[PDB]
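S.K.: Fold the following for me, if possible:
(5 chains)
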Amino acid sequence: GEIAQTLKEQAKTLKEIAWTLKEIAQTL
Amino acid sequence: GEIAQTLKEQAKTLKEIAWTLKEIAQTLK
Amino acid sequence: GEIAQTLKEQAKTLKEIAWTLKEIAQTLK
Amino acid sequence: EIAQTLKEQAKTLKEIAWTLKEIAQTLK
Amino acid sequence: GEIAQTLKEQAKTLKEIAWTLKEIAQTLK
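M.R.: Numbering: from 1, shown residues only, chains lettered A, B, ... in the order given. Find the structure here:
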């Protein structure tokens, strides 16, 4: 349902954010 | 309702955060 | 109540994070 | 529980916000 | 259950995000 799906989308986006930040940290 | 809408707002803000971070990463690659 | 308020606080903090990141991105563009 | 997970999330988000402010400050 | 677990996963990811940001801040201070 809508709530479950929103939470899953949030989790997915958070993983992307975490990965991009790791890439940024790596270069510094 | 209020809970559903808060969660949707959170999801939207997270997408913006993800996009801005991609822009930042792009310039540093 | 407590759950609703926590979620609202989370949403607010996410917006702050998004704004600060936009500031960071702006200087690097 | 759920309440506790949400509280932990809120706390972590505050730390994230603070660290980002520190980062932004040095670049300002 | 599924909701509880999603929230726990989110919390874990947020901890990773917090740590990486601390590393970034450390190099810039």
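
S.K.: Now do the SS call for residue A:26.
M.R.: Per DSSP: H, G, I helix; E, B strand; the rest coil, the local secondary structure of residue A:26 is helix.

S.K.: Correct me if wrong: residue A:23 contacts residue B:25.
M.R.: Yes. Between residue A:23 and residue B:25 there is a contact at 5.2 Å, judged by C-beta atoms under 8 Å. For every residue, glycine as well, the C-beta is placed using N, CA and C.

S.K.: Show me which residues of chain A sit near chain E.
M.R.: A:3-4, A:7-8, A:10-11, A:14-15, A:17-18, A:21-22, A:24-25, A:28 (C-beta under 8 Å from any C-beta of the partner chain).

S.K.: Quick one, which of those residues are buried?
M.R.: A:7-8, A:10-11, A:14-15, A:17-18, A:21, A:24-25 (16 or more other C-beta atoms under 10 Å in any protein chain shown).
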